[PDB]
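**Q** Protein sequences appear in the order of chains A and B.
Mapped onto the entry's author numbering, the consecutive letters of the first sequence carry residue numbers 29 to 146, 164 to 419, 425 to 513.
Mapped onto the entry's author numbering, the consecutive letters of the second sequence carry residue numbers 28 to 146, 164 to 420, 425 to 513.
The structure follows.
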Amino acid sequence: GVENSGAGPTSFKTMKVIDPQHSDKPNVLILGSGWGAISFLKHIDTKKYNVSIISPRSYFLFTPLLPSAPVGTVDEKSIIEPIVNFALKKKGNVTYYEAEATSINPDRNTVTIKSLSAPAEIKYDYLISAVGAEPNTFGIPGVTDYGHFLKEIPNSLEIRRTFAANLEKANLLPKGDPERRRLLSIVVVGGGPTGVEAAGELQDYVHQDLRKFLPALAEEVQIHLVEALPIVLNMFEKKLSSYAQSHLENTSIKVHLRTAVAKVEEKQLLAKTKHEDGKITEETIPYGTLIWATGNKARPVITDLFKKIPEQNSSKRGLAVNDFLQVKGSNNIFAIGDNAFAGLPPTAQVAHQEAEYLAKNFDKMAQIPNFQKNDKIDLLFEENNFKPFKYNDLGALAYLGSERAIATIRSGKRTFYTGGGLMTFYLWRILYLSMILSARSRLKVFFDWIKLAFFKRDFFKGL
Amino acid sequence: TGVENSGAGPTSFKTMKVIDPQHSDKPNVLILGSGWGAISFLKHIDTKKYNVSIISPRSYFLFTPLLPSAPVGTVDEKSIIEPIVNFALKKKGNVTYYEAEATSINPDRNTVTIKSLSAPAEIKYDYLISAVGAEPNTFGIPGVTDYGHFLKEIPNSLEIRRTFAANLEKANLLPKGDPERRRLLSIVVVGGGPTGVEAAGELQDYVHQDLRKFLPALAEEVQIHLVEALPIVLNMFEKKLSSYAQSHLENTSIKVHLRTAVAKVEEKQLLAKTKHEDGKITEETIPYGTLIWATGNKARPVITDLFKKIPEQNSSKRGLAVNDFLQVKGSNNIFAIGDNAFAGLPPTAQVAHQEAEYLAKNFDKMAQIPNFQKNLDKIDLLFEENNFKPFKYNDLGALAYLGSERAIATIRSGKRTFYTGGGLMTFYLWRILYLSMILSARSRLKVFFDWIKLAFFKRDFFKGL
Ligand SMILES: Cc1cc2nc3c(=O)[nH]c(=O)nc-3n(C[C@H](O)[C@H](O)[C@H](O)COP(=O)(O)OP(=O)(O)OC[C@H]3O[C@@H](n4cnc5c(N)ncnc54)[C@H](O)[C@@H]3O)c2cc1C
Ligand SMILES: Cc1cc2nc3c(=O)[nH]c(=O)nc-3n(C[C@H](O)[C@H](O)[C@H](O)COP(=O)(O)OP(=O)(O)OC[C@H]3O[C@@H](n4cnc5c(N)ncnc54)[C@H](O)[C@@H]3O)c2cc1C
Ligand SMILES: [Mg+2]
Ligand SMILES: [Mg+2]
Ligand SMILES: [Mg+2]
Ligand SMILES: [Mg+2]
Ligand SMILES: [Mg+2]
Ligand SMILES: [Mg+2]
Ligand SMILES: [Mg+2]
Ligand SMILES: [Mg+2]
């Protein structure tokens, strides 16, 4: 603090108290500004440890609502909150190095970083790795070039951009034209919730809004959901995966199951369906707008770090961890969320438990003699008899467009609820509101929802 | 030109609100602009006896008075736009908006060309309602185009945030001492009228109210200069206020620079000639991080092009000269309004509103008349042959916002003056009055929702957003 560095402007610290220049509270490095890192930032003791954060993102992103912003069901301001307003809350003194990680130096015990606003290392006693993971193309060529991921706010802007501009170009031709019709097609690759949600929200849009001001388009508007697996939402059970789907078909969504994208050309994509009666067919879906909401694959730094640790030499999906959520082959390092290969699903839920646990599990390290200095790694935490991480699952949701939603709850293996009608939609909202972090976000979310109830959505390509 | 396909102006849309006779019935009215002038007009006009085409680069309508509250996001930049369309979905007959911009006007050939910045490219008109606006004015002072931020459109907004937002960034990374850091933090608004004042105002409110809350250090060193050629601010009020205005501004740690001209605007600093009552040309260099230019409204090429292609508009300065029926002095079938019509009236919103609502009323009358069943001898003859009342102006009010949480206003109509004064008292009004005067349910709530939200929280000052 007060000095010159190699990270971007948003670099801040809070002066909440003051440090002893020559200091000893162990210093913890959080990687990321998302579901793990931020939740860990919530439950960590900011007094016993001082804490630095590295992510090139200075806000936090409430991903579950993400796909609903691109049609301006929600503004992108509503669903995000800047780290700071978290670290201001926090007790002791916290630092956001406003930049991205670049290499983990486990042996050299620092994390090397560069900013796209800048050979900088950074000190860490302990490392919390929560950078999460990017999406996977599966080298299906063209996706990168013509595709649209749906992972960060930019993408929400990027897609609205692309969609509208078609809608516009599309209007200036005749109904009889087919190019028009192609520009009005919309492929959403990936039939998990996000993609579904996306699809559905683009429907909720054509329908509820657009059709009013322009129905000649709205009629010709095509939305396709496309999924390798035999059903959408394979995380939900088969009963609802049928309803949800049938309902999407009711909303008018073309739902290509057991389909893979083989390649993405500019104006259409090559797709192969694999059939019940054994045979692979092919299709060709033409599109204006291609949202690629599928799968994941860990970042380079995470993977980079697989080499520089010996145990980590075969870590396929992400860093591998013990049941104290610690890197198998490090000690001072922990991986949570999506950069954390732990045989578990890679969701918000998972990551949130992962962080909470590890905060206590951390805080609860604060009264032990060995831990003041410095072999095998997990033997220390087995000894004092900490509890190892036990994932309490608690269901999964999905918006379906046109005001309905499947949903499921559980706690342990007791199913509280598992329905899927207007009732369930009207919960799903409440529910998500509940599971927000910040207030501002919540209320802003709430007002969007309200405003939409009494008026249209905001689909400006300007903004 | 009209059937289906074209190139320029992507937004062009039509509202099929009845069914179109091809060999068509009604006189075609051509409206230029999406602003006050042009949308006040739309709200009232009868689209049954008239077909209506709107030419504007801007598909929304901009709620000007609340503009300056957006860079800091007291309002969100969206909360004060409205796509044109949402008005034509209120109008009865057929309305048609092209997403293009009027380039030249061709009176006697009766066409107003368009070149969208996305594409004989001409348009026909029985009647023309010219409400394109004026642009801000540099007065040739130098670089303002280069280093300055106008405050005229939504973009102008985004820009000024980014700018000042980023300055905030770079400056954090400085040792307190460094002066430049201190400079990055200087903010110069040029202009004293309610815009400049409001800007200056809203900026500070952030700094005071919002910034310090988490970067207290920096707030301290931020400076907001308000430069002005004239004696006192907000000239258009009684002295009591336009002083108090000044007073209260300076309360809020604002460094006001009266009787001051800008001569030149360097990159980091702007060269200012201060001239005193006693007659002494002093000078001062003022350094700035962000430069806002809330002054002047000179008129657009289209408008000034059209002075040539007419005789009566040649040595007209402020815009198109207009008879009392708001037809151009010189041409018949062409009517000017709001800012781009030389009116002898304030170049303000309020004027433009009535200016176009009265043309609306008037247009309703003419529909009955027979002599406007030709035209599909002089300009104003049929307006006097049918005893048309001229336009006249009912100066309903004046208003401005200033202090951390304070304001003043005047609501007097027609020589009887109603309320006037300052304080939080009058703060709570400005709000109530400005919503009231908002031309959209949506807009009004969005804004409302902003203010509500804004109470329990900071404003959002996200730079890429
Ligand atoms: C649109 C969408 C909707 C979803 N909805 C749901 C839902 O309804 N329910 C559910 O259970 N799950 C949902 N998920 C899944 C869930 O959001 C993710 O699995 C979860 O975000 C993982 O959190 P995380 O902390 O691992 O990473 P994230 O929360 O994604 O955050 C990663 C952080 O690291 C930063 N970062 C990235 N790389 C680096 C680097 N090299 N150095 C420093 N920082 C870096 C990122 O900007 C970010 O700050 C959704 C995902 C998406 C995309
Ligand atoms: C920040 C701010 C606050 C203000 N507050 C107040 C206030 O409180 N009270 C008040 O009385 N006045 C106020 N004004 C002044 C007021 O906004 C203007 O006088 C008013 O906009 C004039 O309306 P108009 O229709 O003449 O022009 P505008 O409202 O500018 O309309 C011009 C329209 O034409 C479009 N256009 C431009 N060029 C072309 C072209 N070549 N072809 C087609 N279309 C074109 C523009 O996008 C716009 O839609 C304020 C101005 C600003 C900048
Ligand atoms: Mg994270
Ligand atoms: Mg996130
Ligand atoms: Mg992630
Ligand atoms: Mg993670
Ligand atoms: Mg306007
Ligand atoms: Mg106008
Ligand atoms: Mg104007
Ligand atoms: Mg005008």
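By construction, the Cβ of each residue, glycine as well, lies at the ideal position given by its N, Cα and C atoms.
Which full runs of the beta strand (DSSP E) of 3+ residues lie inside the segment 251–275 of chain B, going along the chain?
**A** Runs of the beta strand (DSSP E) inside the segment 251–275 of chain B: 267–271.
**Q** In this structure, how does DSSP classify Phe40 of chain B when only helix, strand and coil are distinguished?
**A** Looking at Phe40 of chain B - three-state DSSP - the assignment turns out to be strand.
**Q** First and last residue of the alpha helix (DSSP H) that includes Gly36 of chain A?
**A** Where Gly36 of chain A is concerned, there is no enclosing alpha helix (DSSP H), although the beta strand (DSSP E) it sits in stretches over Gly36 to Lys41.
**Q** Suppose you measure from the CA of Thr474 of chain A to the CA of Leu450 of chain A; what does that come to, to the nearest Å?
**A** Looking at the two C-alpha atoms, the distance is approximately 11 Å.
**Q** Give me, in chain order, the residues of the same chain whose beta-carbon lies closer than 6 Å to that of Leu483 of chain B; leave out the 5 immediate sequence neighbours on both sides.
**A** The residues are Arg492.
**Q** Given 8 Å as the limit, is there contact between the segment 187–196 of chain A and the segment 304–313 of chain A, that is, 3 or more CB pairs closer than that?
**A** Flag = yes, the segment 187–196 of chain A and the segment 304–313 of chain A touch.
**Q** Helix or strand or just coil, what does DSSP make of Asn384 of chain B?
**A** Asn384 of chain B: helix per DSSP, three-state reduction.
**Q** Counting only beta-carbon atoms, is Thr38 of chain B nearer than 9 Å to chain A?
**A** Yes, its Cβ sits closer than 9 Å to a Cβ of chain A.
**Q** Could you tell me which residues DSSP pairs with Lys319 of chain B in its beta bridges?
**A** According to DSSP, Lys319 of chain B bridges with B:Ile325.
**Q** Would you call the CB atoms of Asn377 of chain A and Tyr169 of chain A closer than 9 Å?
**A** Going by C-beta atoms, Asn377 of chain A is nearer than 9 Å to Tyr169 of chain A.
**Q** Is there a C-beta anywhere in chain B that falls below 9 Å from the one on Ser61 of chain A?
**A** Chain B, which has no Cβ nearer than 9 Å to the Cβ of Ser61 of chain A, makes this no.
**Q** Output the distance between the C-alpha atoms of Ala165 of chain B and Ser33 of chain B, rounded to the nearest integer angstrom.
**A** Straight-line Cα distance between these residues: approximately 9 Å.
**Q** With respect to the beta strand (DSSP E) encompassing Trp478 of chain A, which residues constitute its N-terminal and C-terminal limits?
**A** Taken as a continuous stretch (DSSP letters only), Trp478 of chain A belongs to no beta strand (DSSP E), being part of the alpha helix (DSSP H) at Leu472 to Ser484.
**Q** Ignoring anything shorter than 4 residues or poking outside the segment 62–135 of chain B, list the alpha helix (DSSP H) runs there in chain order.
**A** Listed in chain order, the complete alpha helix (DSSP H) runs (minimum 4 residues) inside the segment 62–135 of chain B are 63–71 and 112–115.
**Q** So with CB distances below 7 Å, who are the chain A contacts of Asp508 of chain B?
**A** Simply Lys105.
**Q** If you compare alpha carbons, which of B:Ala65, B:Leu212 and B:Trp337 is closest to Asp190 of chain B?
**A** Taking only the C-alpha atoms, the option nearest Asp190 of chain B is B:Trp337.
**Q** Can you give me the C-alpha to C-alpha distance between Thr123 of chain B and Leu59 of chain B, rounded to a whole angstrom?
**A** Whole-angstrom Cα-Cα distance: 12 Å.
**Q** Per DSSP, what kind of secondary structure is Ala457 of chain B in: helix, strand or coil?
**A** Three-state DSSP puts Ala457 of chain B in a strand.
**Q** Do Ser61 of chain A and ligand 4 come close, with the Cβ less than 8 Å from some heavy atom?
**A** Checking the Cβ of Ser61 of chain A against ligand 4 gives yes.
**Q** Just reading off the beta strand (DSSP E) that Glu179 of chain B is part of, what are its end residues?
**A** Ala178 to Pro180 is the span of the beta strand (DSSP E), which, as asked, contains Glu179 of chain B.
**Q** I'd like to confirm something about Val346 of chain A: is its beta-carbon nearer than 8 Å to some heavy atom of ligand 3, or not?
**A** No, the beta carbon of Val346 of chain A sits no closer than 8 Å to any heavy atom of ligand 3.
**Q** Distance check for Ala387 of chain B and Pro355 of chain B, CA to CA, integer angstroms please.
**A** When rounded, the distance between both Cα atoms is 18 Å.
**Q** Measuring only the C-alpha atoms, how far is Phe466 of chain A from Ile459 of chain A?
**A** Those two C-alpha atoms are separated by around 5 Å.
**Q** Starting from the C-beta of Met43 of chain B, find all residues in its chain whose C-beta is less than 8 Å away, skip the five residues before and the five after it, and write them out in chain order.
**A** Cβ within range, chain order: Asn121.
**Q** Look up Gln267 of chain A in the DSSP assignment and give the residues it is bridged to.
**A** Answer is A:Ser230.
**Q** Using a C-beta to C-beta distance shorter than 7 Å, which residues of chain A count as neighbours of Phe258 of chain B?
**A** Result: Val112 and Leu116.
**Q** Report yes if the C-beta of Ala209 of chain A is less than 8 Å from at least one heavy atom of ligand 5; otherwise report no.
**A** No; taking the cut-off as 8 Å, the Cβ of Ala209 of chain A has no heavy atom of ligand 5 nearer than that.
**Q** Against chain B, does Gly512 of chain A count as a neighbour if the rule is that its beta carbon must be under 9 Å from one of theirs?
**A** Yes, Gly512 of chain A lies at the interface with chain B (some Cβ there is under 9 Å from its Cβ).
**Q** Check each residue of the segment 35–50 of chain A: if its Cβ is closer than 9 Å to any Cβ of chain B, include it; give the result in chain order.
**A** The segment 35–50 of chain A vs chain B, Cβ under 9 Å: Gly36, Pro37, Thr38, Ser39, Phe40, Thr42 and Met43.
**Q** Within 10 angstroms of its Cβ, does residue 422 of chain A collect 16 or more other Cβ (buried), or is it exposed?
**A** In this structure residue 422 of chain A is absent; chain A steps straight from 419 to 425.
**Q** If we ignore side chains and look at the alpha-carbon of each, how far apart do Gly340 of chain B and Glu179 of chain B end up?
**A** The alpha-carbon atoms of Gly340 of chain B and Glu179 of chain B are separated by roughly 8 Å.
**Q** Per DSSP, which one or two residues make a beta bridge with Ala385 of chain A?
**A** BP columns for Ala385 of chain A point to A:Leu364.
**Q** Along the chain, where does the beta strand (DSSP E) containing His397 of chain A start, and where does it finish?
**A** Element bounds for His397 of chain A: not the beta strand (DSSP E) but the alpha helix (DSSP H), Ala393 to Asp408.
**Q** In terms of residue numbering, what span does the beta strand (DSSP E) encompassing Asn377 of chain A cover?
**A** Element bounds for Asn377 of chain A: n/a, residue is neither H nor E.
**Q** Provide the residue span of the alpha helix (DSSP H) that contains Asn406 of chain B, from first to last.
**A** That run of the alpha helix (DSSP H) goes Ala393 to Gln412.
**Q** Okay, do the segment 344–358 of chain A and the segment 210–218 of chain A touch, 3+ Cβ pairs below 8 Å being the bar?
**A** The segment 344–358 of chain A vs the segment 210–218 of chain A: no contact.
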